[PDB]
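J.: coords08.csv is reproduced in full below (CSV, N, CA and C atoms).
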```csv
chain,number,residue,atom,x,y,z
J,1,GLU,N,-66.2,-5.0,244.6
J,1,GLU,CA,-65.1,-5.4,243.8
J,1,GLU,C,-64.7,-6.8,244.3
J,2,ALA,N,-63.9,-7.5,243.5
J,2,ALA,CA,-63.4,-8.8,243.9
J,2,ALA,C,-62.2,-8.6,244.8
J,3,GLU,N,-62.0,-9.6,245.7
J,3,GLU,CA,-60.9,-9.6,246.6
J,3,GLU,C,-59.6,-9.9,245.8
J,4,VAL,N,-58.6,-9.1,246.1
J,4,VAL,CA,-57.3,-9.2,245.5
J,4,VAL,C,-57.3,-9.2,244.0
J,5,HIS,N,-57.1,-8.0,243.5
J,5,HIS,CA,-57.3,-7.8,242.0
J,5,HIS,C,-56.1,-8.3,241.2
J,6,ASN,N,-56.1,-9.6,241.0
J,6,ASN,CA,-55.2,-10.2,240.1
J,6,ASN,C,-55.9,-10.7,238.9
J,7,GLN,N,-56.0,-9.9,237.9
J,7,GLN,CA,-56.5,-10.2,236.6
J,7,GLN,C,-55.4,-10.0,235.7
J,8,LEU,N,-55.6,-10.1,234.4
J,8,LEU,CA,-54.5,-9.9,233.5
J,8,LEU,C,-54.4,-8.5,233.1
J,9,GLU,N,-53.2,-8.0,233.3
J,9,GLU,CA,-53.0,-6.6,233.1
J,9,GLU,C,-52.6,-6.3,231.7
J,10,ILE,N,-53.1,-5.2,231.2
J,10,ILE,CA,-52.8,-4.7,229.9
J,10,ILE,C,-52.3,-3.3,230.0
J,11,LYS,N,-51.3,-3.0,229.2
J,11,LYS,CA,-50.9,-1.6,229.1
J,11,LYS,C,-50.9,-1.3,227.6
J,12,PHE,N,-51.1,0.0,227.4
J,12,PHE,CA,-51.2,0.5,226.0
J,12,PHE,C,-50.0,1.2,225.5
J,13,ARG,N,-49.4,0.7,224.5
J,13,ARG,CA,-48.3,1.4,223.9
J,13,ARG,C,-48.7,2.0,222.6
J,14,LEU,N,-48.5,3.3,222.5
J,14,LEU,CA,-48.8,4.0,221.3
J,14,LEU,C,-47.8,3.7,220.2
J,15,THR,N,-48.2,3.8,219.0
J,15,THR,CA,-47.4,3.6,217.8
J,15,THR,C,-46.1,4.4,217.8
J,16,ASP,N,-46.2,5.6,218.5
J,16,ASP,CA,-45.0,6.5,218.6
J,16,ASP,C,-44.0,6.0,219.7
J,17,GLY,N,-44.3,4.9,220.3
J,17,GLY,CA,-43.4,4.4,221.3
J,17,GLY,C,-43.6,4.8,222.7
J,18,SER,N,-44.6,5.6,223.0
J,18,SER,CA,-44.9,6.0,224.4
J,18,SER,C,-45.9,5.0,224.9
J,19,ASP,N,-45.9,4.7,226.2
J,19,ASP,CA,-46.8,3.7,226.8
J,19,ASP,C,-47.5,4.3,228.0
J,20,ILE,N,-48.7,3.7,228.2
J,20,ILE,CA,-49.6,4.1,229.3
J,20,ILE,C,-49.5,3.0,230.3
J,21,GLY,N,-49.5,3.3,231.6
J,21,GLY,CA,-49.4,2.4,232.7
J,21,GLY,C,-50.4,1.2,232.7
J,22,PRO,N,-50.0,0.0,233.0
J,22,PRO,CA,-50.9,-1.2,232.9
J,22,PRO,C,-52.0,-1.2,234.0
J,23,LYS,N,-53.1,-1.7,233.6
J,23,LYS,CA,-54.3,-1.8,234.4
J,23,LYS,C,-54.7,-3.3,234.4
J,24,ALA,N,-55.4,-3.8,235.4
J,24,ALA,CA,-55.8,-5.1,235.3
J,24,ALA,C,-57.1,-5.2,234.6
J,25,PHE,N,-57.2,-6.1,233.6
J,25,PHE,CA,-58.4,-6.3,232.9
J,25,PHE,C,-58.8,-7.7,232.9
J,26,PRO,N,-60.0,-8.0,233.5
J,26,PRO,CA,-60.5,-9.4,233.4
J,26,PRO,C,-60.8,-9.8,231.9
J,27,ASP,N,-60.7,-11.0,231.6
J,27,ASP,CA,-60.9,-11.5,230.3
J,27,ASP,C,-62.4,-11.3,229.9
J,28,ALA,N,-63.2,-11.1,230.9
J,28,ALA,CA,-64.7,-10.9,230.7
J,28,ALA,C,-65.0,-9.5,230.4
J,29,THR,N,-63.9,-8.6,230.4
J,29,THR,CA,-64.1,-7.2,230.0
J,29,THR,C,-64.4,-7.1,228.5
J,30,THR,N,-65.4,-6.3,228.2
J,30,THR,CA,-65.7,-6.1,226.8
J,30,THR,C,-64.7,-5.1,226.2
J,31,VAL,N,-64.5,-5.2,224.9
J,31,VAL,CA,-63.6,-4.3,224.2
J,31,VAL,C,-64.2,-2.9,224.3
J,32,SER,N,-65.6,-2.8,224.3
J,32,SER,CA,-66.3,-1.5,224.5
J,32,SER,C,-65.8,-0.8,225.8
J,33,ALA,N,-65.7,-1.5,226.9
J,33,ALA,CA,-65.3,-1.0,228.1
J,33,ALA,C,-63.8,-0.7,228.1
J,34,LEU,N,-63.0,-1.5,227.4
J,34,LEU,CA,-61.6,-1.4,227.2
J,34,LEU,C,-61.3,-0.1,226.5
J,35,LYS,N,-62.1,0.1,225.4
J,35,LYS,CA,-62.0,1.3,224.6
J,35,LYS,C,-62.3,2.5,225.4
J,36,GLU,N,-63.4,2.4,226.2
J,36,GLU,CA,-63.8,3.5,227.2
J,36,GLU,C,-62.7,3.8,228.2
J,37,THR,N,-62.0,2.8,228.7
J,37,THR,CA,-61.0,2.9,229.6
J,37,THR,C,-59.9,3.8,229.1
J,38,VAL,N,-59.6,3.6,227.8
J,38,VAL,CA,-58.5,4.4,227.1
J,38,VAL,C,-58.9,5.8,227.1
J,39,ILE,N,-60.2,6.1,226.8
J,39,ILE,CA,-60.7,7.4,226.6
J,39,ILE,C,-60.5,8.2,227.9
J,40,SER,N,-60.7,7.5,229.0
J,40,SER,CA,-60.5,8.1,230.3
J,40,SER,C,-59.0,8.4,230.7
J,41,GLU,N,-58.1,7.5,230.2
J,41,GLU,CA,-56.7,7.7,230.4
J,41,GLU,C,-56.1,8.7,229.5
J,42,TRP,N,-56.6,8.7,228.3
J,42,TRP,CA,-56.1,9.6,227.2
J,42,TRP,C,-56.5,11.0,227.5
J,43,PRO,N,-55.5,12.0,227.4
J,43,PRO,CA,-55.8,13.4,227.7
J,43,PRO,C,-56.8,14.0,226.7
J,44,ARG,N,-57.9,14.5,227.2
J,44,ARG,CA,-58.9,15.1,226.4
J,44,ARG,C,-58.4,16.5,225.9
J,45,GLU,N,-57.5,17.0,226.7
J,45,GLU,CA,-56.8,18.3,226.4
J,45,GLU,C,-55.9,18.2,225.2
J,46,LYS,N,-55.6,16.9,224.8
J,46,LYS,CA,-54.7,16.6,223.7
J,46,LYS,C,-55.3,17.1,222.3
J,47,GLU,N,-54.6,18.0,221.7
J,47,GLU,CA,-54.9,18.3,220.3
J,47,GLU,C,-54.1,17.4,219.4
J,48,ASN,N,-54.7,17.1,218.3
J,48,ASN,CA,-54.1,16.2,217.3
J,48,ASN,C,-53.8,14.8,217.8
J,49,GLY,N,-54.8,14.1,218.0
J,49,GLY,CA,-54.7,12.7,218.3
J,49,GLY,C,-56.1,12.3,218.8
J,50,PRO,N,-56.4,11.1,219.0
J,50,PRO,CA,-57.7,10.6,219.6
J,50,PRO,C,-58.0,11.3,220.9
J,51,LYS,N,-59.2,11.1,221.3
J,51,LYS,CA,-59.7,11.5,222.7
J,51,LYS,C,-61.1,11.2,222.8
J,52,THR,N,-61.8,10.9,221.7
J,52,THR,CA,-63.1,10.4,221.8
J,52,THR,C,-63.0,8.9,221.4
J,53,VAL,N,-64.1,8.2,221.7
J,53,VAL,CA,-64.1,6.7,221.6
J,53,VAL,C,-63.8,6.2,220.2
J,54,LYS,N,-64.4,6.8,219.2
J,54,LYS,CA,-64.2,6.3,217.9
J,54,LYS,C,-62.9,6.5,217.3
J,55,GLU,N,-62.1,7.4,217.8
J,55,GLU,CA,-60.8,7.8,217.3
J,55,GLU,C,-59.7,6.8,217.6
J,56,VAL,N,-59.8,6.1,218.7
J,56,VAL,CA,-58.7,5.3,219.1
J,56,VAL,C,-58.8,3.8,218.7
J,57,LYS,N,-57.8,3.3,218.1
J,57,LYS,CA,-57.8,1.9,217.7
J,57,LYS,C,-56.8,1.0,218.5
J,58,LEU,N,-57.3,-0.1,219.1
J,58,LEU,CA,-56.6,-1.0,219.9
J,58,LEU,C,-56.2,-2.2,219.0
J,59,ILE,N,-54.9,-2.5,218.9
J,59,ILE,CA,-54.5,-3.6,218.0
J,59,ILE,C,-53.5,-4.5,218.7
J,60,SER,N,-53.9,-5.8,218.7
J,60,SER,CA,-53.1,-6.8,219.4
J,60,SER,C,-52.9,-8.0,218.4
J,61,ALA,N,-51.7,-8.4,218.3
J,61,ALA,CA,-51.3,-9.6,217.4
J,61,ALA,C,-51.6,-9.3,215.9
J,62,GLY,N,-51.7,-8.0,215.6
J,62,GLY,CA,-52.0,-7.5,214.3
J,62,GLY,C,-53.5,-7.6,214.0
J,63,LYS,N,-54.3,-7.5,215.0
J,63,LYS,CA,-55.7,-7.6,214.9
J,63,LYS,C,-56.3,-6.4,215.7
J,64,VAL,N,-57.1,-5.6,215.0
J,64,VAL,CA,-57.8,-4.5,215.7
J,64,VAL,C,-59.0,-5.1,216.5
J,65,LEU,N,-59.1,-4.6,217.7
J,65,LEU,CA,-60.1,-5.1,218.6
J,65,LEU,C,-61.4,-4.4,218.4
J,66,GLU,N,-62.3,-5.1,217.9
J,66,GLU,CA,-63.7,-4.7,217.7
J,66,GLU,C,-64.3,-4.6,219.1
J,67,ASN,N,-65.1,-3.6,219.3
J,67,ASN,CA,-65.7,-3.3,220.7
J,67,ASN,C,-66.8,-4.4,221.0
J,68,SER,N,-67.3,-5.0,220.0
J,68,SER,CA,-68.3,-6.0,220.1
J,68,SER,C,-67.7,-7.4,220.6
J,69,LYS,N,-66.5,-7.4,220.9
J,69,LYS,CA,-65.8,-8.6,221.3
J,69,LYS,C,-65.3,-8.3,222.8
J,70,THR,N,-64.9,-9.3,223.4
J,70,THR,CA,-64.4,-9.2,224.8
J,70,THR,C,-62.9,-9.3,224.7
J,71,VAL,N,-62.2,-9.0,225.9
J,71,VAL,CA,-60.8,-9.2,226.0
J,71,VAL,C,-60.5,-10.7,225.8
J,72,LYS,N,-61.4,-11.5,226.4
J,72,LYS,CA,-61.3,-13.0,226.3
J,72,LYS,C,-61.1,-13.5,224.9
J,73,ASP,N,-61.7,-12.8,223.9
J,73,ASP,CA,-61.6,-13.1,222.5
J,73,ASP,C,-60.2,-13.1,222.0
J,74,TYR,N,-59.3,-12.3,222.6
J,74,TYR,CA,-58.0,-12.1,222.2
J,74,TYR,C,-57.0,-12.7,223.2
J,75,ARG,N,-57.5,-13.2,224.2
J,75,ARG,CA,-56.7,-13.7,225.3
J,75,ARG,C,-56.4,-15.2,225.2
J,76,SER,N,-55.6,-15.6,226.2
J,76,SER,CA,-55.2,-17.0,226.3
J,76,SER,C,-56.3,-17.7,227.1
J,77,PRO,N,-56.4,-19.1,227.1
J,77,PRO,CA,-57.4,-19.8,227.9
J,77,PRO,C,-57.2,-19.7,229.4
J,78,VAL,N,-58.0,-20.4,230.2
J,78,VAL,CA,-57.9,-20.3,231.7
J,78,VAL,C,-56.7,-21.1,232.2
J,79,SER,N,-56.0,-21.7,231.3
J,79,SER,CA,-54.7,-22.5,231.5
J,79,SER,C,-53.5,-21.5,231.7
J,80,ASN,N,-53.8,-20.3,231.9
J,80,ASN,CA,-52.8,-19.3,232.1
J,80,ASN,C,-53.2,-18.5,233.4
J,81,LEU,N,-52.3,-18.1,234.1
J,81,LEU,CA,-52.5,-17.4,235.4
J,81,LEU,C,-52.7,-15.9,235.2
J,82,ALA,N,-52.9,-15.2,236.3
J,82,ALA,CA,-53.1,-13.8,236.3
J,82,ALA,C,-51.7,-13.1,236.3
J,83,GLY,N,-50.7,-13.8,236.0
J,83,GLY,CA,-49.3,-13.2,236.0
J,83,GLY,C,-48.9,-12.7,234.7
J,84,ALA,N,-49.7,-13.0,233.7
J,84,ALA,CA,-49.3,-12.6,232.3
J,84,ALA,C,-49.8,-11.2,232.1
J,85,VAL,N,-48.9,-10.3,231.8
J,85,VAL,CA,-49.3,-9.0,231.5
J,85,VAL,C,-49.3,-8.8,229.9
J,86,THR,N,-50.1,-8.0,229.4
J,86,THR,CA,-50.2,-7.9,228.0
J,86,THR,C,-49.9,-6.4,227.6
J,87,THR,N,-49.2,-6.2,226.6
J,87,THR,CA,-48.9,-4.9,226.1
J,87,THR,C,-49.5,-4.8,224.7
J,88,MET,N,-50.5,-3.9,224.5
J,88,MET,CA,-51.2,-3.8,223.3
J,88,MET,C,-50.9,-2.4,222.6
J,89,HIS,N,-50.8,-2.4,221.3
J,89,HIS,CA,-50.5,-1.2,220.6
J,89,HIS,C,-51.7,-0.4,220.3
J,90,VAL,N,-51.5,0.9,220.4
J,90,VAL,CA,-52.5,1.8,220.0
J,90,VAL,C,-52.0,2.6,218.9
J,91,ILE,N,-52.8,2.6,217.8
J,91,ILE,CA,-52.4,3.2,216.6
J,91,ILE,C,-53.3,4.5,216.5
J,92,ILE,N,-52.6,5.5,216.1
J,92,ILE,CA,-53.2,6.8,216.1
J,92,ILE,C,-53.8,7.1,214.7
J,93,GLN,N,-55.1,7.1,214.7
J,93,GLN,CA,-55.8,7.4,213.5
J,93,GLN,C,-56.6,8.6,213.7
J,94,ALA,N,-56.2,9.7,213.0
J,94,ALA,CA,-56.9,10.9,213.1
J,94,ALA,C,-57.9,11.1,212.0
J,95,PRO,N,-59.1,11.5,212.3
J,95,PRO,CA,-60.1,11.8,211.3
J,95,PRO,C,-59.9,13.1,210.6
J,96,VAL,N,-60.4,13.3,209.4
J,96,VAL,CA,-60.3,14.5,208.7
J,96,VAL,C,-61.4,15.5,209.2
J,97,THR,N,-60.9,16.4,209.9
J,97,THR,CA,-61.7,17.5,210.6
J,97,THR,C,-62.8,16.9,211.4
J,98,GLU,N,-62.5,16.6,212.6
J,98,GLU,CA,-63.4,16.0,213.6
J,98,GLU,C,-62.7,16.1,215.0
J,99,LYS,N,-63.5,16.4,216.0
J,99,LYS,CA,-63.0,16.7,217.3
J,99,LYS,C,-64.1,16.9,218.3
J,100,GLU,N,-64.3,15.9,219.2
J,100,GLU,CA,-65.3,16.0,220.3
J,100,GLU,C,-66.7,16.7,219.8
J,101,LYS,N,-66.8,18.0,220.0
J,101,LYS,CA,-67.9,18.8,219.4
J,101,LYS,C,-67.6,20.3,219.6
```
Go ahead and render the structure in this file as structure tokens.

T.:
Amino acid sequence: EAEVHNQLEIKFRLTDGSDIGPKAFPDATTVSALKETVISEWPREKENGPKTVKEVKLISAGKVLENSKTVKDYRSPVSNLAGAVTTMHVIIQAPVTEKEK
């Protein structure tokens, strides 16, 4: 790992107003890994809500984060320090009859 983990932290706030604790995410993190990160934080025991990768939508600035992009894509330039924390909305989109397997 890198010495002293001061990257830019993101926390996830669900559309219902509940939030998940912030984690440090390098700008070079892919949205794919970001999306994965959520799946690990999100209770798999949860019924009626996401829990698999495809179910959860990450939206920042009114833009859904495609996994094929990086966090850097939605971030500020290098002219910003690692003191900026980001709070991103998670919108709950439930599929019509679908659940893990």

J.: Measuring atom to atom with all atoms listed in the file, identify which of J:53, J:24, J:58, J:10 is nearest to residue 89 of chain J.

T.: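 Nearest candidate to residue 89 of chain J out of J:53, J:24, J:58, J:10: J:58.
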
J.: Pick the closest to residue 76 of chain J from J:43, J:95, J:26, J:49: which is it, counting only C-alpha atoms?

T.: J:26

J.: Kindly give the distance, in Å, that separates atom N of residue 19 of chain J and atom CA of residue 34 of chain J, rounded to a single decimal.

T.: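 It comes out at 16.9 Å.
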
J.: Hey, which of J:5, J:46, J:35, J:11 ends up closest to residue 90 of chain J? Count only N, CA and C atoms.

T.: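 For residue 90 of chain J, the nearest of the given residues is J:11.
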
J.: One number please: atom CA of residue 71 of chain J to atom C of residue 27 of chain J, in Å, one decimal.

T.: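 Here the two named atoms are 4.7 Å from each other.
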
J.: Using all atoms listed in the file, give me every residue within 8 Å of (-48.6, -8.7, 227.5) in file coordinates, as a PyMOL selection string.

T.: chain J and resi 9-11+84-88

J.: Out of J:80, J:40, J:93, J:32, which residue has the shortest atom-to-atom distance to residue 56 of chain J when counting all atoms listed in the file?

T.: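 Nearest candidate to residue 56 of chain J out of J:80, J:40, J:93, J:32: J:93.
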
J.: Kindly give the distance, in Å, that separates atom C of residue 23 of chain J and atom C of residue 47 of chain J, rounded to a single decimal.

T.: 25.6 Å

J.: With only N, CA and C atoms as the basis for distance, which of J:45, J:73, J:55, J:36 is at the shortest distance from residue 94 of chain J?

T.: J:55
